[PDB]
A.B. asks: 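Attaching a single structure in structure tokens format; questions to follow.
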Number of protein chains: 2
Amino acid sequence: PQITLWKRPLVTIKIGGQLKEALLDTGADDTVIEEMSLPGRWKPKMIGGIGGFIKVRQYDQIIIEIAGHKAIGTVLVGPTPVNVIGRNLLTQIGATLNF
Amino acid sequence: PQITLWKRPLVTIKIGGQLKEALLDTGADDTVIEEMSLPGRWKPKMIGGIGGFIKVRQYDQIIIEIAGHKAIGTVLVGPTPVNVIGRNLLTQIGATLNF
Ligand SMILES: CC(C)CN(C[C@@H](O)[C@H](Cc1ccccc1)NC(=O)O[C@H]1CCOC1)S(=O)(=O)c1ccc(N)cc1
């Protein structure tokens, strides 16, 4: 698809069997998902943005279906107010910015 | 151009004759730039990011060149870890996300 930016670029994702809405975010290095459980070992990480830093749990080798495309990579889970799909997974679905 | 997302989508912008670097950020509703004086009057705005809310100075109808493309619109000035070009100006330069 070609997604216009008049509105937030929101897509349906599927992660750990759960359907969620997430923002396609070229400004985010890594994918960050609102608090949930994910299988596997995790390690703590700090990520910073507007308003400062939050501590998240970093899970590797996580599969997410993004708008019907399967991608695999690191998924951070923490007290983010929005689900964001970051560049680490955007690349895997072949997403680009065009102007 | 077409911008892939393997690296941060950082571009040069020009605002009041000064060159700055900024992040093309589809996850950002608004455009926020680090402290600088802009002409004219400003008004208060609160914006929320990953770590909570910050207060910014909102200036309207500001002329800005983004990666060679002219935009005229709202620029928020305040403590951000990186200059971000948000959807309000991404739409003016004709940017779309594609996959
Ligand atoms: C601020 C940029 C540089 C960094 N973030 C991405 C941005 O797209 C961020 C995403 C977001 C949207 C809504 C609520 C909360 C977060 N938008 C954002 O702050 O919108 C503000 C700025 C102007 O308009 C409103 S991030 O969320 O901090 C982040 C950092 C690291 C990782 N790994 C993932 C995400």
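Below, chains carry the letters A, B, ... as their sequence lines are ordered, and counting in each starts from 1.
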A.B. asks: B:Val82 versus chain A, heavy atoms under 4.5 Å apart: side chain, backbone, both or neither?
C.D. replies: neither
A.B. asks: Around atom CD1 of B:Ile63, are there more than 12 heavy atoms of other residues, nucleotides or ligands at under 6.0 Å?
C.D. replies: no
A.B. asks: Mind checking what makes side-chain contact (heavy atoms from CB on, under 4.5 Å) contact with B:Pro81, not counting sequence neighbours?
C.D. replies: A:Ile50
A.B. asks: If hydrophobic clusters are built by linking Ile, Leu, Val, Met, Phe, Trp and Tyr wherever their side-chain heavy atoms come under 4.5 Å apart, do B:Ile64 and B:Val32 end up in the same one?
C.D. replies: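 No; tracing contacts between hydrophobic side chains, which count when under 4.5 Å, never links both residues.
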A.B. asks: Non-hydrogen atoms of chain A under 4.5 Å away: do they reach the side chain of B:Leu23, the backbone, both or neither?
C.D. replies: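 It is the side chain, since no backbone atom gets that close.
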A.B. asks: Under 4.5 Å between any side-chain heavy atoms of B:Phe99 and A:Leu90, yes or no?
C.D. replies: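 No; the side chains remain at least 4.5 Å from each other.
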A.B. asks: Please tabulate the donor-acceptor pairs under 3.5 angstrom that span chain A and chain B, backbone and side chains included.
C.D. replies:
residue : atom : partner : partner atom : Å
A:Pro1  : O    : B:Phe99 : N            : 3.1
A:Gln2  : NE2  : B:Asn98 : OD1          : 2.8
A:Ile3  : N    : B:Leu97 : O            : 2.7
A:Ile3  : O    : B:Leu97 : N            : 3.0
A:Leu5  : O    : B:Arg87 : NH1          : 2.9
A:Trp6  : O    : B:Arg87 : NH1          : 3.1
A:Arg8  : NE   : B:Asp29 : OD1          : 2.9
A:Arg8  : NE   : B:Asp29 : OD2          : 3.4
A:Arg8  : NH2  : B:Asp29 : OD2          : 2.7
A:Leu24 : O    : B:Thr26 : OG1          : 2.8
A:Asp25 : OD1  : B:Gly27 : N            : 3.2
A:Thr26 : N    : B:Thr26 : OG1          : 3.0
A:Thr26 : OG1  : B:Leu24 : O            : 2.6
A:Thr26 : OG1  : B:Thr26 : N            : 3.0
A:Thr26 : OG1  : B:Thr26 : OG1          : 3.4
A:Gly27 : N    : B:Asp25 : OD1          : 3.4
A:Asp29 : OD1  : B:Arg8  : NE           : 3.0
A:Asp29 : OD2  : B:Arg8  : NH2          : 2.7
A:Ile50 : O    : B:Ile50 : N            : 3.4
A:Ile50 : O    : B:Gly51 : N            : 3.2
A:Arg87 : NH1  : B:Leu5  : O            : 2.8
A:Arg87 : NH1  : B:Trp6  : O            : 3.3
A:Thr96 : N    : B:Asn98 : O            : 2.8
A:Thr96 : O    : B:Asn98 : N            : 2.9
A:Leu97 : N    : B:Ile3  : O            : 2.9
A:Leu97 : O    : B:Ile3  : N            : 2.8
A:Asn98 : N    : B:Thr96 : O            : 2.8
A:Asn98 : O    : B:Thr96 : N            : 2.8
A:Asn98 : OD1  : B:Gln2  : NE2          : 2.9
A:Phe99 : N    : B:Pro1  : O            : 3.2

A.B. asks: Linking I/L/V/M/F/W/Y whenever any side-chain heavy atoms sit under 4.5 Å apart, do B:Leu10 and B:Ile15 land together?
C.D. replies: no
A.B. asks: Under a single-linkage definition using a 4.5 Å side-chain heavy-atom cutoff for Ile, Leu, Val, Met, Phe, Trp and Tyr, are B:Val11 and B:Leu76 assigned to the same hydrophobic cluster?
C.D. replies: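 Shared cluster, no.
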A.B. asks: Select one option (side chain, backbone, both, neither) describing which atoms of A:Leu24 are under 4.5 Å from chain B's heavy atoms.
C.D. replies: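 For A:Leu24, backbone and side chain are both near chain B.
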A.B. asks: Most heavy-atom pairs under 4.5 angstrom with chain A, which of B:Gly94, B:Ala28, B:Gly78?
C.D. replies: B:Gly94
A.B. asks: First locate atom CG of B:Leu89, then atom CG of A:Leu5, and finally report the distance between them rounded to the nearest 0.5 Å.
C.D. replies: 11.5 Å
A.B. asks: Would a hydrophobic clustering, with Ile, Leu, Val, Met, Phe, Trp and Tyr connected at side-chain separations under 4.5 Å, put A:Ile93 with A:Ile33?
C.D. replies: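 Yes, one cluster joins them.
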A.B. asks: Can B:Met36 be reached from B:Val75 by stepping across I, L, V, M, F, W or Y side chains whose heavy atoms are under 4.5 Å apart?
C.D. replies: yes
